[PDB]
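Take a look at this single chain in structure tokens; it is the form deposited in one PDB entry.
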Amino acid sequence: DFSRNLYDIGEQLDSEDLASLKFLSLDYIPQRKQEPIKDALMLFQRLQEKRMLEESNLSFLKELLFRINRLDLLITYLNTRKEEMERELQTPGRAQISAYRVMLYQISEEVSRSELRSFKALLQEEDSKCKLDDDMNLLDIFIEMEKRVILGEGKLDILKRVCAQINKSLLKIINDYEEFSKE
């Protein structure tokens, strides 16, 4: 039932969904170690092996599905409403995905086609060590930036200098994240 439900969820997740889920699972599953993962079930099983997903522990799966906005799957297969996930995640300490990862992913959510192209151009202005192609989405760019150690939890300078020239909303996402690190 449980395994069958996990797999069931996996059948409804597409390639974009998978890419997003793997990006959001970076605090626990290293990016190197993600490219054997070819579908959502493999990701789920990798999470199972890390005891971050089991019959009595569905929290991380729910958080993942909520973050990538698959509310339909939450309802259908996990009988969980968005209101519940909101109440749960806003409570300090319950979120298992770091605020940094969520911040980057939300930026990726807000950026359009043309804004993505602008991001690439502006980044190519700001840095030359990043290897960029035009099939890359924003997440891939983030991964490349981290690979080049110009992006990290406490290094947002280039990210902000780029985003400020694209849309104030992105910069506000960063600024908000940056200031609830008051901790």
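Residues carry their position along the shown sequence, with the first being 1.
In this crystal structure, the stretch out of 25 to 33 and 113 to 121 whose C-alpha atoms carry the higher mean B factor is 25 to 33.
Set 170 to 178 against 14 to 22 and average the Cα temperature factors; 170 to 178 ends up higher. Highest CA B-factor among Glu146, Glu63, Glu126, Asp140, as stated in the entry: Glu126. In the deposited entry, the Cα temperature factor of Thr80 sits in the middle third of values across the chain's modelled residues. When the CA B factors of the chain's modelled residues are split into thirds, the value for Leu43 lands in the lowest one. Compared with the other modelled residues of the chain, the Cα B-factor recorded for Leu132 ranks in the highest third.
When the modelled residues of the chain are ordered by their C-alpha B factor, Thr91 lands in the highest third. Among the modelled residues of its chain, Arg67 has a C-alpha B-factor that falls in the middle third according to the deposited record.
One more form of this protein, solved in complex with a partner chain, exists but is not displayed; see below.
At a distance threshold of 4.5 angstroms between non-hydrogen atoms, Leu58 is out of contact with its partner chain in the deposited complex. Under a 4.5 angstroms non-hydrogen atom cutoff, its partner chain in the deposited complex has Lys50 among its neighbouring residues. At a distance of at most 4.5 angstroms from its partner chain in the deposited complex, all three residues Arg4, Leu41 and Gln45 contribute at least one non-hydrogen atom.
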